[PDB]
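Hydrogens, waters and symmetry mates are skipped; everything else that's a heavy atom, side chains included, is used. When a ligand or atom number is given, it counts from 1 through the structure's own listing order. The sequence lines fix the lettering, A, B, ..., with proteins before strands; numbering per chain opens at 1.
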Protein chains: 4
Amino acid sequence: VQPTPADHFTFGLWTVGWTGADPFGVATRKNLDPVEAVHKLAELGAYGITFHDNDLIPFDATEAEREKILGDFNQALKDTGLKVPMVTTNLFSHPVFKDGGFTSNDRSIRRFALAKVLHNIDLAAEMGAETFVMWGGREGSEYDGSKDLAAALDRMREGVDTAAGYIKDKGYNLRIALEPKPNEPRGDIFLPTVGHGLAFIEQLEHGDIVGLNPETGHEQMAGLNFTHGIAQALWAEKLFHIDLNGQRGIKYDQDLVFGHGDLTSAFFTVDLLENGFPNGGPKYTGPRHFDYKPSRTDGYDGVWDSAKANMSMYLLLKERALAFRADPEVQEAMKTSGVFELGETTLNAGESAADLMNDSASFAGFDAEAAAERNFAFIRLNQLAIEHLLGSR
Amino acid sequence: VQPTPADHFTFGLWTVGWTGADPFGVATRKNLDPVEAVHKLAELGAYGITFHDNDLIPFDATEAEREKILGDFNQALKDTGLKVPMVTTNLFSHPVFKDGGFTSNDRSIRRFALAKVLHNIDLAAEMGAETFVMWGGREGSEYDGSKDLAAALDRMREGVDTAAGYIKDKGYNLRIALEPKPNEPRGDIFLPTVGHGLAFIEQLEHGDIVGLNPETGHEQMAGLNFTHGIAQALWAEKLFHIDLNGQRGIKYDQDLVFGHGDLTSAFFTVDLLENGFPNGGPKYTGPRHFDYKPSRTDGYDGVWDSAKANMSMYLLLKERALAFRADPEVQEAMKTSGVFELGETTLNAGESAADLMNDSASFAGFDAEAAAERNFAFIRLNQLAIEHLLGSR
Amino acid sequence: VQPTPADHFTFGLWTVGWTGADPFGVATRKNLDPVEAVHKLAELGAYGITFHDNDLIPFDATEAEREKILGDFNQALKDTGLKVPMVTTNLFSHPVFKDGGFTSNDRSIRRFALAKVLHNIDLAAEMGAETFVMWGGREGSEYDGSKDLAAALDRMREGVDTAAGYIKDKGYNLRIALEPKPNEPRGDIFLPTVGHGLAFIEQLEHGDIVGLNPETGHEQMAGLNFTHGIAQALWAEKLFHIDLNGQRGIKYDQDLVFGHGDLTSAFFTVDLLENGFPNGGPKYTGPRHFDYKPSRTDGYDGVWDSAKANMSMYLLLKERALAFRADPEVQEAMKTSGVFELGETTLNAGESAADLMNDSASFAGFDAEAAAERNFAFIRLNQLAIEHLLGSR
Amino acid sequence: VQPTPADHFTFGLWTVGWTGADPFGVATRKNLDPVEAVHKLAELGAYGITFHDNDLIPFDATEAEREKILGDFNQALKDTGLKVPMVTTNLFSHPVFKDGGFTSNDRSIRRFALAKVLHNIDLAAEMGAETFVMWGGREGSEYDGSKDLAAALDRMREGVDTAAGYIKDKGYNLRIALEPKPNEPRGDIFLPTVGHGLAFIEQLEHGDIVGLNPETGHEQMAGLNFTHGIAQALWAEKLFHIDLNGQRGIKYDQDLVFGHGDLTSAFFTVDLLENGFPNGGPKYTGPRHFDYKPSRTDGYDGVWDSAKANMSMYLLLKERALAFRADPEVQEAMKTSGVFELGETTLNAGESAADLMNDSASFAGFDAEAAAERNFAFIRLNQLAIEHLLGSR
Ligand SMILES: OC[C@@H](O)[C@H](O)[C@@H](O)CO
Ligand SMILES: OC[C@@H](O)[C@H](O)[C@@H](O)CO
Ligand SMILES: OC[C@@H](O)[C@H](O)[C@@H](O)CO
Ligand SMILES: OC[C@@H](O)[C@H](O)[C@@H](O)CO
Ligand SMILES: [Al+3]
Ligand SMILES: [Al+3]
Ligand SMILES: [Al+3]
Ligand SMILES: [Al+3]
Ligand SMILES: [Mg+2]
Ligand SMILES: [Mg+2]
Ligand SMILES: [Mg+2]
Ligand SMILES: [Mg+2]
């Protein structure tokens with residue numbers, strides 16, 4: 001399996017650039033020059049690179065430094081051919097963002113945070129990004145009385161709608177993608193799961209350009225089924241981007257290589273990205289972005305190995321998932337279990353509520369105990385899927 | 001603390017009627033006559049009673065039996081004065097519902113399930129209920145390939161929209177309330193959290209009459225903040241009902257008495273139900289419904305004790321939550337922490353995106369390190385809240 | 001991969017005999033006759049069968065019924081050659097055990113539970129079982145004040161030492177194995193994980209014959225690593241038996257087929273059971289016992305499919321794990337990462353604490369900054385295992 | 001409730017000295033000088049202070065610097081009278097310990113880690129500490145194939161027995177206390193819960209002087225009951241020290257103030273530390289050590305508030321717990337529920353297993369159906385505890 005730019009594997013600069021500092025220890029790796037990252041990633045088969053404004057341009061950078069850095073970075077882009085599909089803002093590392101950007105209790109700070117996002121939309125626009133991500137990491141609380149929960153959601157809408165309004169105003173071909181996370185760094189984060197982000201979008205003035213950027217590990221941190229979560233995002237036509245990684249349970253976000261967490265879940269995420277829905281439906285057509293961190297135990301060969309591991313993992317799962325649905329045994333098993341039958345509407349063409357209550361065959365004369373005898377054979381369909389995952393079929 | 005009908009404590013018949021059978025053991029209590037439950041609950045201060053169609057009327061009941069039971073039950077209602085604010089359908093106990101009602105793979109079963117709900121809307125209407133609850137307990141899967149996830153959501157919409165359409169058609173003064181649950185009985189349940197239920201409502205043809213019925217324990221089973229979840233439901237004006245109980249962690253749904261789980265969370269749920277939001281906003285005005293199960297270890301004195309425990313727990317939390325916000329120290333502490341400041345809009349009246357990026361005080365000349373010095377004092381606000389919870393203030 | 005008696009695959013009578021009643025519904029399958037169970041299991045390639053006293057003999061059975069059941073049951077064993085390697089007692093389904101068997105607050109229930117176990121040891125010995133499992137499913141509480149926690153453990157010790165002493169006194173060739181479970185059906189069970197189980201055994205008078213019976217799903221309910229957990233039992237020489245199944249997450253116990261839960265974990269469990277430790281050490285030679293339940297959505301064809309699936313899953317993982325370890329590229333990745341270097345003692349033969357203290361090279365002149373550059377290459381080593389698991393190397 | 005030295009409240013230097021760097025941002029507070037820390041703590045009513053060798057003496061410090069630091073530090077102790085009851089080692093922050101101290105795959109890191117601990121025992125003894133804590137924070141893995149699991153435990157044993165033997169050899173008056181942690185910073189830590197810690201100690205050569213140092217937040221990260229967990233350590237005579245804090249859920253460790261997590265659990269922890277067991281047994285007489293971190297959102301006023309808050313929380317719970325147990329209504333609720341009857345031996349003085357077996361009244365003529373009607377009244381008993389906790393009885 002060799003990734004080619006046609007695969008669309010994108011990586012953030014913070015992923016391979018993550019230095020190894022965590023709650024209990026200092027960095028184990030030297031900083032990564034952004035030019036170097038770009039060249040390395042392009043030699044592995046990456047299609048593009050993403051960044052946070054401060055991944056690239058330091059918080060205190062003078063104008064001269066910003067031009068230099070950008071000059072250096074765009075040169076690397078021109079040399080390698082890498083695209084920049086997504087840009088995001090860091091509204092979490094500086095101490096001023098300790099209570100949030102957009103939902104900070106301090107108003108002067110809320111205003112700076114929205115100003116910092118607006119400037120970053122310009123930059124995103126200049127880099128040719130199609131997506132602008134919002135990961136509200138400091139938006140939330142440790143204690144329940146710290147916030148007025150209705151005012152926090154108004155404050156979040158004000159920021160997102162101002163951003164969206166500004167895109168429309170400038171004529172930028174950019175969409176906003178919110179990235180849910182249930183906790184960490186805060187005790188509780190606002191809009192914690194794919195359903196909470198989708199719900200919020202519907203309350204926005206400019207929600208037509210706002211969608212989601214679900215991350216595997218984030219949903220699994222609430223113990224939810226990531227595949228089910230991206231299926232709801234897809235079904236509402238709001239899956240604008242994805243952050244792929246692995247997580248091994250309900251605990252801190254591990255950010256492991258994609259497929260290095262819940263493998264069977266990973267397998268069915270790739271089937272959904274590649275195969276779409278069994279009865280037809282929208283398909284995810286964007287970048288397959290990896291948002292992970294190379295373990296701090298490993299030196300720089302480990303970093304390039306882990307970059308590679310991501311794309312290898314995606315490609316192997318993809319091979320198996322295509323083999324899985326192409327198998328006649330699997331198709332027959334899907335039929336038997338009623339996967340295709342789920343696709344047929346419950347009512348008949350022009351059959352109303354009254355029409356059906358009335359129909360004696362569907363209710364009064366319906367034989368509930370006979371119907372209950374159906375062997376759905378979901379275990380056998382599950383064994384078939386795993387056997388294809390293990391490469392034994 | 002003595003509950004009076006003015007408190008609006010409602011209980012389902014399945015709660016005190018729960019007999020004690022679980023995964024590993026048989027019932028420890030005799031069945032509860034519904035007439036008796038009604039009389040008992042009315043003597044404790046209950047305001048109303050709720051039920052599932054089969055809690056009352058057996059699945060195989062002949063018409064004569066249904067009239068008898070209903071005659072017996074409405075007589076008890078007339079004698080005690082209890083109201084019936086909510087009615088719900090059992091789409092989970094019979095073996096025919098093993099794969100779901102509305103999202104069953106078998107179409108004949110999907111049709112029976114919708115027929116069973118439609119008939120139950122009539123009954124709900126006849127009992128004078130204001131709310132009709134939908135808890136999709138068997139809608140989901142154990143294995144990821146069992147369902148076409150986009151067709152499961154279409155199938156769920158077909159059922160809910162047909163139900164809603166039928167209410168509108170009959171002129172019934174009833175609203176539908178969906179009740180999210182992340183797992184149990186299925187491995188994964190569709191619409192698993194408050195955000196997922198709210199997201200789905202926005203895709204419905206008749207979503208103006210569809211809202212939520214969040215349950216405490218259900219949200220805590222995903223490890224989410226229940227108070228934050230009902231604040232988002234309130235903020236979207238979709239908190240139509242509530243199921244109160246307690247849960248002690250991420251594990252099976254325990255269904256303990258309300259306040260017998262996460263006490264501090266319970267405390268802040270009551271503050272939100274009673275006090276509303278600190279800066280103003282919608283208020284929950286419905287029944288305070290308890291959906292719990294008396295421990296199987298206890299005999300029938302324990303059952304009435306636990307019914308009582310629920311209302312006692314609510315009333316004690318309520319007393320403390322009113323004392324909490326009335327305290328001048330607490331009001332000052334809320335000010336200092338910026339609880340009130342969160343309520344002020346981020347932008348100035350008629351200030352646009354361009355206007356703010358431009359303003360040098362908000363960005364370019366904003367002093368980020370000085371701003372970061374603010375002591376938000378959230379710990380001290382948290383200690384103040386707990387001290388009022390413990391009755392030491 | 002076709003299993004054969006030589007594989008030592010054993011199944012409980014309650015696994016395939018599980019009829020589908022969960023907490024939200026009734027049985028979806030007809031009762032399985034135990035003689036049919038023996039015939040079907042033997043035909044599939046099983047080596048043995050295990051049971052709970054009330055899995056075979058009803059609670060209410062008379063001595064005539066008991067003798068009748070055992071004679072047919074023993075004839076079936078004969079006809080097929082299945083052994084009965086483990087026997088266990090039901091100390092959880094009847095309403096008398098609602099507060100527990102050995103740790104019930106009621107003393108008369110405690111003597112009844114212990115007498116029920118004492119008679120059951122006699123049946124275990126008669127059947128030729130080598131292991132007597134003890135799963136204390138109702139030993140625990142929902143509320144912290146329900147029990148005197150020191151007393152609960154004194155009473156647990158008393159039951160186990162009385163039973164252990166009875167084995168010793170009659171010279172039966174049997175060992176006791178405790179099976180930890182963190183929760184369900186109690187909110188908290190005593191001896192919740194493998195560590196608590198092992199710790200508890202060291203306080204026993206007759207600890208020499210008491211060991212553990214870990215269950216995959218049970219340690220995963222606390223989010224613990226099952227391979228780490230069994231490694232510690234193995235290391236202590238206390239892994240006497242095992243219960244294999246699957247669990248997707250921290251939630252109720254699912255009891256899926258082994259392999260249908262956390263697959264990467266299942267792969268390494270199989271590497272530890274089959275291959276042991278990289279540097280040598282203890283090995284688990286017992287039966288490979290499946291403690292799972294066929295999903296309630298499926299008819300009896302799915303029950304036999306599921307039994308089959310457990311054995312296939314085990315043999316497919318076994319194969320990948322043998323090929324994984326045999327791979328020269330893997331053995332070289334292991335040597336880079338220091339897997340074999342962990343096997344070396346830290347101290348030199350004859351070195352003492354003082355010796356090492358005052359060895360300048362190990363401390364005072366140690367280059368800590370040079371030692372930290374070591375690329376452990378744990379990521380690469382993990383990718384090699386998944387590629388072997390995926391049937392790609 | 002004002003704390004006083006007699007309360008035996010100790011705080012680590014790293015708790016109040018924690019500056020705010022988390023995984024998504026930098027320090028939000030200035031470094032706290034250790035002499036200031038002693039002065040501030042003593043003034044608040046603390047009895048003692050604990051520290052990690054690098055909390056006081058930098059990793060790079062020269063012998064001149066080390067002696068300079070200790071002389072000022074020892075003068076402050078003198079001036080104030082604070083004791084130093086526990087000393088611990090940092091075997092987790094420097095990049096050399098990225099794979100662990102005692103269980104690092106690299107042998108040279110293993111001798112360095114053990115030498116660092118050996119020198120630290122000498123400092124502990126000089127300071128007059130009675131306890132030497134060992135938190136093995138980097139002993140573990142992210143991937144299952146990274147370690148030989150039996151070797152990891154042999155190496156852990158080797159370090160602890162070498163250190164234990166050194167204490168014994170120099171006649172220091174010190175005990176070792178292991179502090180279990182399930183995850184973070186490793187995906188899986190060896191000896192993840194109290195049970196694994198206790199089990200491991202029984203395999204030690206010098207186990208007599210090795211015990212535990214449980215931490216509230218740490219057992220709650222596996223969803224375990226902290227009161228059950230410490231009860232087992234207490235019952236084993238292995239609770240040598242404790243780390244108190246709060247955690248809201250299975251997620252990263254929050255280290256909130258004690259009481260700001262699971263409050264009902266905190267109440268019963270305090271009842272076990274203060275009051276012991278209802279029927280009598282062992283008691284924990286050590287210091288009440290707070291292992292927490294002041295939230296990064298707050299300035300130094302919140303740091304002193306938080307230190308204060310830990311002590312108040314403990315004294316408020318203590319009070320409620322003394323009044324709870326002293327209550328005649330509670331003592332009568334306890335007697336109904338069988339709390340005192342669990343204290344009776346199941347077997348009669350001199351009864352043997354055979355005796356009970358053949359006692360018709362305890363088995364053969366036992367009315368199991370009559371015994372099951374017993375109302376244990378666990379719900380009512382729980383309501384009495386919450387009402388005492390709520391300051392209402
Ligand atoms: O949990 C961290 C999130 O994964 C973010 O890194 C977003 O991907 C970008 O801000
Ligand atoms: O988890 C079970 C749910 O709580 C349901 O009982 C609804 O409340 C009613 O169907
Ligand atoms: O959770 C249930 C346990 O797995 C038990 O079935 C034991 O294996 C046998 O009693
Ligand atoms: O998770 C961190 C632990 O609580 C440690 O701080 C120990 O208490 C001391 O090393
Ligand atoms: Al991301
Ligand atoms: Al409910
Ligand atoms: Al088992
Ligand atoms: Al600690
Ligand atoms: Mg992340
Ligand atoms: Mg429920
Ligand atoms: Mg089990
Ligand atoms: Mg900690």
query = Would you call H218(B) a ligand 2 contact, heavy-atom distance under 4.0 Å?
reply = yes
Protein heavy-atom partner closest to [atom] - residue, atom, separation in Å:
atom                    : value
atom 10 (O) of ligand 2 : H52(B) NE2, 2.8 Å
atom 1 (O) of ligand 2  : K181(B) NZ, 2.8 Å
atom 6 (O) of ligand 2  : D291(B) OD2, 3.5 Å

message = I'd like to know if the side chain of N120(B) pairs up with that of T89(B) as donor and acceptor (distance under 3.5 Å, no hydrogens or angles considered).
response = yes
task = Anything under 30° is parallel, anything over 60° is perpendicular, the rest tilted; go ahead and classify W135(C) against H218(C).
result =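 Tilted.
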request  = Applying ring-ring contact (aromatic ring centres under 6.0 Å, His included) between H289(B) and each of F258(B), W14(B), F240(B), report the one that passes.
outcome  = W14(B)
request  = Kindly say whether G100(B) contributes a backbone atom to a donor-acceptor pair with the side chain of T103(B) at under 3.5 angstrom?
outcome  = no
ask   = How would you list, by chain and number, every residue that makes a side chain to side chain contact (heavy atoms under 4.5 Å, CB included) with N54(C), sequence neighbours excluded?
value = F59(C), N90(C), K116(C)
query = Charged N to carboxylate O under 4.0 angstrom, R138(D) versus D22(A)?
reply =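 Salt bridge flag = yes for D22(A) with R138(D).
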key: Side-chain ion pair, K293(C) and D253(C), N-O less than 4.0 Å   =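 Judged by the 4.0 Å cut-off on N to carboxylate O distance, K293(C) and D253(C) do not form a salt bridge.
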message = Could you tell me, atom by atom, which parts of ligand 2 come under 4.0 Å of a heavy atom of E215(B)?
response = 3 (C), 4 (O), 8 (O)
ask   = Which atoms of ligand 2 have any heavy atom of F24(C) under 4.0 Å away?
value =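 The list of qualifying atoms is 1 (O), 2 (C).
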request  = For ligand 2, indicate whether the residue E179(B) contacts it via side chain, backbone, both or neither (heavy-atom separation under 4.0 Å).
outcome  = side chain
Region of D253(B) that comes within reach of ligand 2 [heavy atoms, distance under 4.0 Å] = side chain
query = Should one rank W135(B), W18(B), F51(B) by closest heavy-atom distance to atom 5 (C) of ligand 2, which comes out on top?
reply =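 Considering heavy atoms of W135(B), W18(B), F51(B), the nearest to atom 5 (C) of ligand 2 sits in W135(B).
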